[PDB]
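Protein chains in written order, with PDB author numbering: chain LP, 152 to 251; chain Ld, 35 to 154; chain Lz, 24 to 115; chain LJ, 30 to 66, 77 to 196; chain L6, 9 to 102. We treat Cβ as the ideally placed atom computed from N, Cα and C, and that holds for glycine. Right, one structure below, let's go through it.
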Amino acid sequence: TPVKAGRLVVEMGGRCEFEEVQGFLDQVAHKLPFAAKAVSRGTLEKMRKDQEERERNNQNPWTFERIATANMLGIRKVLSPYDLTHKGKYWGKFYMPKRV
Amino acid sequence: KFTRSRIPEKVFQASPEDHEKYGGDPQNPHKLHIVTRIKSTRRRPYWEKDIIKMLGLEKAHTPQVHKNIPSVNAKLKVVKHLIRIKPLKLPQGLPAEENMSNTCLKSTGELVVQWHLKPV
Amino acid sequence: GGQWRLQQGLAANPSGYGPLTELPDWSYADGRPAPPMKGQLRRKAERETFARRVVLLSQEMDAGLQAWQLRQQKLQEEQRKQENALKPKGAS
Amino acid sequence: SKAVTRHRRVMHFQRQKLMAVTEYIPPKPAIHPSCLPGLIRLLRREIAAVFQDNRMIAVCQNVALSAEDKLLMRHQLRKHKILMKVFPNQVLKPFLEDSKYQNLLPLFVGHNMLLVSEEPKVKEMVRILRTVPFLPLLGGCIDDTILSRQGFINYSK
Amino acid sequence: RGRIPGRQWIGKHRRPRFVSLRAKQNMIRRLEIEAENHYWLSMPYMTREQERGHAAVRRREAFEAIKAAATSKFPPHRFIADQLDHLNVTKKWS
RNA sequence: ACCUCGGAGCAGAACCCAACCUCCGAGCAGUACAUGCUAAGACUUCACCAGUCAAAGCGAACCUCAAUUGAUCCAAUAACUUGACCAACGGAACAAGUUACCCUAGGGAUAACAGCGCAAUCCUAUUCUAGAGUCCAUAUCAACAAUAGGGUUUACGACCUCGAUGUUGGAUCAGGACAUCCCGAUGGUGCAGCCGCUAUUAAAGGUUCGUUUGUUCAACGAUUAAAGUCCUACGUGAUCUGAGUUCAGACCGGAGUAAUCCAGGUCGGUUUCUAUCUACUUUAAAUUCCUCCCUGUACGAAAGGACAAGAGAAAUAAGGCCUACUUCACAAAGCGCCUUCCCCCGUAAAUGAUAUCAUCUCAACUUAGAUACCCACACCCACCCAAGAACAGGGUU
RNA sequence: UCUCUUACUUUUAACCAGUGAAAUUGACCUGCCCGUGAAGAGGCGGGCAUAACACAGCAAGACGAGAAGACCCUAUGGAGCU
RNA sequence: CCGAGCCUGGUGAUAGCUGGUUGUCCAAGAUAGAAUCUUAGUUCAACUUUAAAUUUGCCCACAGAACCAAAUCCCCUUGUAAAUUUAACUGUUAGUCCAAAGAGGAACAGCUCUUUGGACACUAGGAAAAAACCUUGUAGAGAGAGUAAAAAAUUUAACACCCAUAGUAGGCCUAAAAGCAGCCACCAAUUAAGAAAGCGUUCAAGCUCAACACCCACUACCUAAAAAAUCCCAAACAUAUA
RNA sequence: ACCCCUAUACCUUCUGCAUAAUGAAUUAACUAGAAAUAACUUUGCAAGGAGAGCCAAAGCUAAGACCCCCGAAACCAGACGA
Ligand SMILES: C[NH+](C)c1cc(NC(=O)CNC(C)(C)C)c(O)c2c1C[C@H]1C[C@H]3[C@H]([NH+](C)C)C(O)=C(C(N)=O)C(=O)[C@@]3(O)C(O)=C1C2=O
Ligand SMILES: [Mg+2]
Ligand SMILES: [Mg+2]
Ligand SMILES: [Mg+2]
Ligand SMILES: [Mg+2]
Ligand SMILES: [Mg+2]
Ligand SMILES: [Mg+2]
Ligand SMILES: [Mg+2]
Ligand SMILES: [Mg+2]
Ligand SMILES: [Mg+2]
Ligand SMILES: [Mg+2]
Ligand SMILES: [Mg+2]
Ligand SMILES: [Mg+2]
Ligand SMILES: [Mg+2]
Ligand SMILES: [Mg+2]
Ligand SMILES: [Mg+2]
Ligand SMILES: [Mg+2]
Ligand SMILES: [Mg+2]
Ligand SMILES: [Mg+2]
Ligand SMILES: [Mg+2]
Ligand SMILES: [Mg+2]
Ligand SMILES: [Mg+2]
Ligand SMILES: [Mg+2]
Ligand SMILES: [Mg+2]
Ligand SMILES: [Mg+2]
Ligand SMILES: [Mg+2]
Ligand SMILES: [Mg+2]
Ligand SMILES: [Mg+2]
Ligand SMILES: [Mg+2]
Ligand SMILES: [Mg+2]
Ligand SMILES: [Mg+2]
Ligand SMILES: [Mg+2]
Ligand SMILES: [Mg+2]
Ligand SMILES: [Mg+2]
Ligand SMILES: [Mg+2]
Ligand SMILES: [Mg+2]
Ligand SMILES: [Mg+2]
Ligand SMILES: [Mg+2]
Ligand SMILES: [Mg+2]
Numbered sequence: 152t153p154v155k156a157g158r159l160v161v162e163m164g165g166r167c168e169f170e171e172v173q174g175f176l177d178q179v180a181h182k183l184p185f186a187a188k189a190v191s192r193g194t195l196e197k198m199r200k201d202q203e204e205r206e207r208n209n210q211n212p213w214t215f216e217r218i219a220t221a222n223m224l225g226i227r228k229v230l231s232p233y234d235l236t237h238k239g240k241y242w243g244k245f246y247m248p249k250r251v
Numbered sequence: 035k036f037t038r039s040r041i042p043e044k045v046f047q048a049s050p051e052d053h054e055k056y057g058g059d060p061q062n063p064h065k066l067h068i069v070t071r072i073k074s075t076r077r078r079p080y081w082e083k084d085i086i087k088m089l090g091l092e093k094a095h096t097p098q099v100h101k102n103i104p105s106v107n108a109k110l111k112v113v114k115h116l117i118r119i120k121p122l123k124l125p126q127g128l129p130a131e132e133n134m135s136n137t138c139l140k141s142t143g144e145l146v147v148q149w150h151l152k153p154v
Numbered sequence: 024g025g026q027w028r029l030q031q032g033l034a035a036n037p038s039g040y041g042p043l044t045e046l047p048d049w050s051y052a053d054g055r056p057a058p059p060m061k062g063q064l065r066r067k068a069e070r071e072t073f074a075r076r077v078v079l080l081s082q083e084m085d086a087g088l089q090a091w092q093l094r095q096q097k098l099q100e101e102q103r104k105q106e107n108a109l110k111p112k113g114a115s
Numbered sequence: 030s031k032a033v034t035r036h037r038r039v040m041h042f043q044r045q046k047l048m049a050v051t052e053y054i055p056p057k058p059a060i061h062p063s064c065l066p077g078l079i080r081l082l083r084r085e086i087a088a089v090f091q092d093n094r095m096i097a098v099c100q101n102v103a104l105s106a107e108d109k110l111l112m113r114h115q116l117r118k119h120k121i122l123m124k125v126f127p128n129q130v131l132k133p134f135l136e137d138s139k140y141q142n143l144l145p146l147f148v149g150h151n152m153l154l155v156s157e158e159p160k161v162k163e164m165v166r167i168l169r170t171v172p173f174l175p176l177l178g179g180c181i182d183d184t185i186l187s188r189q190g191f192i193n194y195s196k
Numbered sequence: 009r010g011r012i013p014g015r016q017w018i019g020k021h022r023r024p025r026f027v028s029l030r031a032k033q034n035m036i037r038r039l040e041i042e043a044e045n046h047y048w049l050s051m052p053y054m055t056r057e058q059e060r061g062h063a064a065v066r067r068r069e070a071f072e073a074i075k076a077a078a079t080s081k082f083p084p085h086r087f088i089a090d091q092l093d094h095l096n097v098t099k100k101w102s
């Protein structure tokens, strides 16, 4: 089965809180063939607002998406046509959450 | 595959902050471009080499005048990573016939019509 | 110090359009000026061609602008010529 | 190599320079903001009670007093009609400074407890306190005047 | 002791190269020059409809000059003076 | 296995676009009998050949399908026309095997050995904690799975070499790694002791002789402290061997009409080189076993049974010498004799802050924790020598 | 034969004298380690070493010399046999 | 040198195969493909060269190219100066890496196959040496100058203290299963303790946590390896104004 | 003069050779591009040209200028050899 980055692999619910599932969910997600994480609704929302806040307060005048879309320095000779939509956060099957 | 790049018009819309960053009034736009090739056409596609040859920028660091019209602008938009573009400023107006042989271009991009080689 | 020379406006290479590179090398001891140097004659010819190009492009674009102006002038005269040759009758 | 690999592929050096230039730069605060500058009400009800009635107050230090010994002490002290109150200091001190027993204020340090009644009977307080020798009779008040343990003994005899 | 398999800069296993401060600064300088280019191309003088035919006469005459040269390509003249000049190679004193 | 033609993907949107790439088909059928003639303009399978559409006009009337196919010569025919699974499908008019008895021209454009790339396979370490271990995940073993590493196997690729890079095992000499087989130090134990199991550190020193087999291996016999794992062009053939393997002879079984063949067995079968260059050709600290006592002590219910300290006796390795023995004899040798000296780091503890306890401390801190050899120097013609290829050296009173 | 090799003689050998070849040879003022590279460096990179020159010995390297590979493939190249 | 002697002749046999191919100087010049007893070759195209004739050639504005992504086709301006046709021929048609879209294989290979685009087979500087990565091209002399690309940064794990009676060996099941084998409920006294969250017991018994009090305050950086074979490999340096 | 700095012999072959791929000790001498059909250039004459024959809707006549060396195993004929 193909799995792309940002896709929930398994979902759980019930009369419980995070840490209870988080134990064995981190245990499973460590054993997955890719990088994975145990997330909640709250933690998933928190990381998404964190990524948007980092993109908003980034003090670098130059960004990957600006350079790629404007074809700055002729960088599309070494980029890929998929980088126009990945915006540098993806490299092959790898997702880099530190990239803005 | 690697092909020609269509640059967005959102890239080529200027902003007021850009205007005071590089002072140029949106109304009364500058009339002529001073274009200077600052990079090699080697290790670049043949269409960029052809547009460099069309614009007359075969020799590096040699300024050339071009019109500020949309077609020439489209060519410069294609080849914009190998050149530097400045506005041609005319402090003492256009050169006349009597002032044709005493001109200079200068680094600031101002075509002076009197060149005296004397201190002020 | 090319960046400093650019900030002062004196090119970047000191061997460009300055007094140091554009004044005559020598003159006769009695005071007669030397014949002009080959590089200076060449440079003056290129600057002359550059200035003629500047004048030609500026006047060509100006003439294009006024040609468009007179064209549009003939356009709105022909839409303003809208007098009915005949006075309407019938149900009026 | 394919565009997707099981390992991290080596980028073109211009793309690597692109990533290094387009790294994320956080905002830097100028002068470092770190360097920049319930139970209380209910407990107020029962302490207001036990100081409006119950005019024999005795303060003792809450010695360990293992559970059988503690409860059996509770039972002879109740057989002789006194109560053993345990009220925490964090709500009992402010009541003292705004309720005038500020001279009994500097005495409620450490573990503390209150031997409290409406009847004078300091005689078995002192005999039970002498049966258990490691039990101090820290202090207290009889008839709204402050009395030390020497107070408590001459009011006894 | 430390060798990269195969060739250094091609293949699955390459010698790593790292970005230096001056390489980053050089690239940022070029980025600034192109942002300058973006601004000056963002401000145009005329429009396409105003531009439509302003240099057609000059371009046409330039092409007529090219055609005139390419048509005037033709052999050169020949001279009695040149032939009888070649007679001078036996010009003696006496 | 395929060879010609067509449709779909790869090849998303003008065209084109490969693979012994992924799928589906074709080598016709049905109608008509103007399925006649002629003729602008075009398309085109990347060339040519071949193929495709068609206005108008004359004459009539009032083709479907996707491929559904074959050039020239020549043959048949009065003519019009008609001829190949020429399917190796741009087609030679008509021709198979075998060669180790082989030859030639070339090819590292291309295989075998070796190197290299890669790591599927192989090997190791960690992470997780199911499970096994009476209970107990973590004394020990370990499923599913994840991460990282090695380059010893079998491949895969075809990059150097085919105007030669000689090959398996064996001898001889070994250099190196440590992922340690023994000896050393240490932690844990389901460690009472003896034995073990597991882990950390340690590469100075060591790691046997035989029967069968060409064998690497493997099995067995007898030991030992141990009989390590690898790499070195599967180290090492201008140092050796040639049992094997893949030249010419022959036999057996099988295959083939036969020649001949077998990734089957068997018997036999030439291993050249006078060293030009590089490199090198005398660098004194040795380990291990056993015996005695400690001691039948510690320990243990008993059976069993130590570690330290110390004494002795050997064995090998290195260096040397002939008194005797022995080969032998103005001498050279071993089978004989003599000598052989330092540590080594894993961790275990004390004081004591960050964190007024504690804490062995990437806190400050405390403890366990070499000498020897050589050393002077135009007597030199010549002679002698325990010195020596020449040279050099020692003696000549 | 070997454990396990030792001693002597002859030849060879080395020195003096006489005579005097061959294969080989791009040029050489011809080092070591690691890395690199047509993927195994005396000659390239980083380090280390380094007065010159004979004589004897060795065979680890010069992918050492010899024979336009004896295996494999190719050729609209041959030949023998059935 | 007998799988068919040797000599002479045919004979200068033939060789899509190897080797070689001799003055000087300048210029233009790099690889779509189809057939083929063909894939070590050749012919046609494609590219390339020369000489002519003529007029448009590249870049491209809007509109436009089908139902079941990057882009391309077409194309007036504009920027430029090339293009087509005519004549005459050679040679190249055994291809390498890098970026991108894919296919095969192991989402192996310095692997193989197409497509778009670079560079290499041509110069120079840089990434250590260096084909293919980066910078840069049109030629000479100079004991002048401004620059391009261009030098890797990182160092990680301290965590509380004190306390604990009891309705009850809650009920059912079981020999007993007592908070802790499995089920139903989960109330309730003390100031404050789950009909018990881990251990531990055949079951019991025991010891930790959550709870009172106590108090300064939970102090809380949320992170993580190592191996091979001749000999580690520039020397080094935290602090003088970009 | 060396010492300092720069610098990977040549030819062929190749995708690419310092290559540890080929050839070469060195000297002297010898040793390898032959031509038609057309085209192009330059003359002569010109609806004709060429010293019969041939070509001709500007052609014809003349000249110039363009196509290597070495090498097999083999096949056949006639001799000479026990
Ligand atoms: C060395 N021997 C075992 C041998 C081996 C092979 N085969 C190999 O190359 C096999 N080597 C491998 C194992 C594949 C690496 C061989 O191929 C040969 C030979 C021998 C030669 C003998 C030749 C001989 N001459 C040249 C010395 C000769 O005169 C005769 C003769 N009888 O007249 C030959 O037969 C001889 O030419 C020959 O045939 C040999 C080989 O072919
Ligand atoms: Mg390498
Ligand atoms: Mg066509
Ligand atoms: Mg019709
Ligand atoms: Mg065929
Ligand atoms: Mg065919
Ligand atoms: Mg045989
Ligand atoms: Mg041969
Ligand atoms: Mg191999
Ligand atoms: Mg279990
Ligand atoms: Mg290949
Ligand atoms: Mg070979
Ligand atoms: Mg050779
Ligand atoms: Mg050889
Ligand atoms: Mg170890
Ligand atoms: Mg070997
Ligand atoms: Mg050898
Ligand atoms: Mg043979
Ligand atoms: Mg025999
Ligand atoms: Mg030999
Ligand atoms: Mg040498
Ligand atoms: Mg002699
Ligand atoms: Mg090397
Ligand atoms: Mg020697
Ligand atoms: Mg050969
Ligand atoms: Mg062929
Ligand atoms: Mg020939
Ligand atoms: Mg040229
Ligand atoms: Mg063919
Ligand atoms: Mg061929
Ligand atoms: Mg390749
Ligand atoms: Mg090759
Ligand atoms: Mg090279
Ligand atoms: Mg060499
Ligand atoms: Mg060779
Ligand atoms: Mg060579
Ligand atoms: Mg060769
Ligand atoms: Mg023949
Ligand atoms: Mg006879």
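Would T37 (chain Ld) count as contacting chain Lz if we go by Cβ distances under 8 Å? Counting from one through the second sequence, the residue named residue 37 (chain Ld) turns up at place 3. Taking Cβ atoms only, chain Lz never reaches closer than 8 Å to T37 (chain Ld), which makes this a no.
How should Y53 (chain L6) be labelled, buried or exposed, when 16 other C-beta atoms within 10 angstroms of its C-beta is the threshold for buried? In the fifth sequence, counting from the first residue as 1, residue 53 (chain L6) sits at position 45. With 16 or more neighbouring CB atoms inside 10 Å of its own CB, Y53 (chain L6) falls in the buried class.
Which residues mark the beginning and the end of the beta strand (DSSP E) in which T70 (chain Ld) is found? Your numbering for residue 70 (chain Ld) matches position 36 in the second sequence. Residues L66 to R71.
Contact between the stretch 83-103 of chain Ld and the stretch 52-69 of chain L6 (3+ Cβ pairs under 8 Å): yes
Assuming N93 (chain LJ) and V155 (chain LJ) form a contact by the criterion Cβ under 8 Å, report the distance between their Cβ atoms to the nearest whole angstrom. The sequence position of residue 93 (chain LJ) within the fourth sequence is 54, counting from 1. The sequence position of residue 155 (chain LJ) within the fourth sequence is 116, counting from 1. Indeed they touch by this definition, with Cβ atoms about 5 Å apart.
Over the uninterrupted beta strand (DSSP E) stretch that includes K109 (chain Ld), give me the two end residues. Along the second sequence, one-based indexing puts residue 109 (chain Ld) at 75. Looking at the DSSP string, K109 (chain Ld) is not in any beta strand (DSSP E); the run it does join, the alpha helix (DSSP H), is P104 to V112.
Near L116 (chain Ld), which residues of its chain fall below 6 Å by C-beta distance, leaving aside the five closest residues on each side in sequence? The sequence position of residue 116 (chain Ld) within the second sequence is 82, counting from 1. Closer than 6 Å at the Cβ level, and outside the excluded window around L116 (chain Ld), lie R71 and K73.
CB contact below 8 Å: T194 (chain LP) versus chain LJ: By 1-based counting over the first sequence, the position of residue 194 (chain LP) is 43. Chain LJ, which has no Cβ nearer than 8 Å to the Cβ of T194 (chain LP), makes this no.
Mind checking the stretch 201-212 of chain LP against chain LJ and listing, in chain order, the residues whose C-beta falls within less than 8 Å of any C-beta there? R205, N208, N209, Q210 and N211
Please report the straight-line C-alpha distance between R35 (chain LJ) and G243 (chain LP), rounded to a whole angstrom. Walking along the fourth sequence from the start, residue 35 (chain LJ) turns up at place 6. Walking along the first sequence from the start, residue 243 (chain LP) turns up at place 92. C-alpha separation (whole angstroms): 9 Å.
Using the Cα positions of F73 (chain Lz) and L151 (chain Ld), report the straight-line distance between them to the nearest angstrom. What you label residue 73 (chain Lz) is simply residue 50 of the third sequence in a count that begins at 1. What you label residue 151 (chain Ld) is simply residue 117 of the second sequence in a count that begins at 1. The straight-line gap from Cα to Cα measures roughly 19 Å.
If we cut at 8 Å on Cβ distances, does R38 (chain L6) have a partner in chain LP? Stepping through the fifth sequence from its first residue, residue 38 (chain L6) is reached at position 30. Closer than 8 Å: yes.
Buried/exposed call for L177 (chain LJ), threshold 16 Cβ in 10 Å: The sequence position of residue 177 (chain LJ) within the fourth sequence is 138, counting from 1. Classification of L177 (chain LJ): buried, given that the 10 Å Cβ count is 16 or more.
In whole angstroms, what separates the C-alpha of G143 (chain Ld) from that of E42 (chain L6)? Position 109 of the second sequence, counting from 1, holds the residue named residue 143 (chain Ld). Position 34 of the fifth sequence, counting from 1, holds the residue named residue 42 (chain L6). So the two alpha carbons sit approximately 17 Å from each other.
Contact under 8 Å by Cβ, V251 (chain LP) with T194 (chain LP): In the first sequence, counting from the first residue as 1, residue 251 (chain LP) sits at position 100. In the first sequence, counting from the first residue as 1, residue 194 (chain LP) sits at position 43. No, these two residues do not count as a Cβ contact at 8 Å.
Listed by chain order, chain Ld residues near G225 (chain LP) by CB distance under 7 Å: Here residue 225 (chain LP) is taken as the residue at index 74 of the first sequence, counted from 1. Those within 7 Å of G225 (chain LP) in chain Ld are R78 and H115.
Could you check the C-alpha separation between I185 (chain LJ) and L135 (chain LJ) for me, to the nearest Å? Looking up residue 185 (chain LJ) in the fourth sequence gives position 146. Looking up residue 135 (chain LJ) in the fourth sequence gives position 96. Between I185 (chain LJ) and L135 (chain LJ), the C-alpha separation is close to 13 Å.
Should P129 (chain Ld) go down as buried or exposed, given a rule of 16 or more other Cβ atoms within 10 Å for buried? Locating residue 129 (chain Ld) in the second sequence gives position 95, where the first residue counts as 1. Looking at its Cβ environment, which holds 16 or more other Cβ atoms inside 10 Å, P129 (chain Ld) is buried.
So with Cβ pairs under 8 Å, would you call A52 (chain Lz) a contact of chain Ld? Along the third sequence, one-based indexing puts residue 52 (chain Lz) at 29. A52 (chain Lz) does not count as touching chain Ld.
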